[PDB]
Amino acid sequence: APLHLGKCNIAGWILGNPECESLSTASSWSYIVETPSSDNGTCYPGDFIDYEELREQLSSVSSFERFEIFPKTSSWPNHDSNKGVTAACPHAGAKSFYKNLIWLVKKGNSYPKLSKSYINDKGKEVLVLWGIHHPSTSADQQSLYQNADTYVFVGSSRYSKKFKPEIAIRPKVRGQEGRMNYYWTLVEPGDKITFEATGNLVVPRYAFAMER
């Protein structure tokens, strides 16, 4: 039987756009039926990278399970994980954000280098998603992350990329002149994925274990 997304497309559903169902009932499907929406599943404007490939990966799944890859309460003792909401992502009158990612910002006037890894001990492929935030102005970069010149690195046995934020005023969309790009990779059983950043990283909170 198909998975019918009644409100969202795969982008919004997999990131956890505020209106999308956590769908903790459907653990398998033969295909996905998607619903178009104004923000295209990304309330914070930006580009979903390798998106068509992801739609194919999620097309027909035999088991599918969401798990808290990096527990919110314990993973980020040196950064602030409780301020990452935005008017771009409203929910019933309140500023909100994606369910499955955390927009980390500085704590006081500090954003130390974060380093966090996850070894896939689930015995099945794990899908991990994250975001890279690009502020509109150097002031916003400082206000959010303290550090003016930052990087994000993500590495596994099959993936390696270093990201540099571009600070620039894009056209205002849902109030935002900044942008957020979205990325994903599949981590094999036994492999380790590592995240390293001095700013601008929208960290995974929930990831997915699945079998095709």
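Numbering starts at 1 and follows the sequence shown.
**Student:** Taking only the CA atoms, which stretch has the higher mean B-factor in the record, 176-184 or 58-66?
**Tutor:** Result: 58-66.
**Student:** May I ask you to compare 162-170 and 30-38 by their mean CA B factor in the entry and name the higher one?
**Tutor:** Averaging CA B-factors over each stretch, the winner is 30-38.
**Student:** Say you rank 73, 100, 78, 117 by Cα B-factor from the PDB entry; which sits at the top?
**Tutor:** It is 73.
**Student:** Among the choices 25, 9, 194, 200, identify the one whose CA B-factor in the record is greatest.
**Tutor:** That would be 25, according to the entry.
**Student:** Split the chain's modelled residues into thirds by Cα B-factor; is residue 147 in the lowest, middle or highest one?
**Tutor:** Lowest third.
**Student:** Looking at the temperature factor on the CA atom of residue 109, which third of the chain's modelled residues does it land in?
**Tutor:** Its C-alpha B-factor belongs to the highest third of this chain's values.
**Student:** Would the CA B-factor of residue 84 place it in the lowest, middle or highest third of its chain?
**Tutor:** Answer is middle: the recorded C-alpha B-factor places it there.
**Student:** Based on the deposited C-alpha B factors for this chain, I'd like to know if residue 134 is in the lowest, middle or highest third.
**Tutor:** Ranked within chain, residue 134 CA B lands in the lowest tercile.
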